[PDB]
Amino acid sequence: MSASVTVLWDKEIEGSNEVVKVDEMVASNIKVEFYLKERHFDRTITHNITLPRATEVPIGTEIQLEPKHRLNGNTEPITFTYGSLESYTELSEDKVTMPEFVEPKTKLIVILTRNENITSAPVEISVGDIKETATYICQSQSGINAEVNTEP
């Protein structure tokens, strides 16, 4: 009930790829400190395994794989179970330092962005004499960048 697993990373597909504006914070001066010292965000990577509708892989088969994109320095494999656990989400805290002050005669804008990417790859599975090519999907978020612009 434990499959042999090989991900075909050289066949990876670049799905959605975007730079997402998470938020903006604006302030104006005439030298006050900023609202927050740091902002805290949730950052996730979601790992999914998908199988053909008509697959021979038995329900309950365990499928262990090691993704490319991980959080928290985690390195242990993800264990999916076909028919009951097909998605796993990593979560980390992304802490972003804010500008300390608004300099004199300044309007300050913080633009917060991160990369968000979907990638997918074939997964060759064998359990006994049953062979299948499943599809692995990674929905990842990068760390957040803060761009501080000073205006009139």
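Numbering starts at 1 and runs along the sequence shown.
Colleague: What number of deposited residues lacks coordinates in the span between residue 30 and residue 31: none, 1 to 3, 4 to 9, or 10 or more?
Modeller: Count of unmodelled residues in between: 1 to 3.
Colleague: Of 35-43 and 105-113, which one has the bigger average CA B-factor?
Modeller: Higher mean C-alpha B-factor in the PDB entry: 105-113.
Colleague: Mean Cα B factor from the PDB record: higher for 133-141, or higher for 20-28?
Modeller: It is 20-28 that shows the higher mean C-alpha B-factor.
Colleague: If I read the C-alpha B-factors straight from the PDB entry, which of 86, 100, 124, 94 is highest?
Modeller: That would be 100.
Colleague: Select lowest, middle or highest to describe the third in which the CA B-factor of residue 146 falls within its chain in this entry.
Modeller: Middle third, going by the recorded CA B-factors of the chain.
Colleague: When the modelled residues of the chain are sorted by Cα temperature factor, does residue 79 land in the lowest, middle or highest third?
Modeller: It falls in the middle third of the chain.
Colleague: Lowest, middle or highest third: which one holds residue 1 when the chain's residues are ordered by CA B-factor from the entry?
Modeller: According to the entry, residue 1 has a C-alpha B-factor in the chain's highest third.
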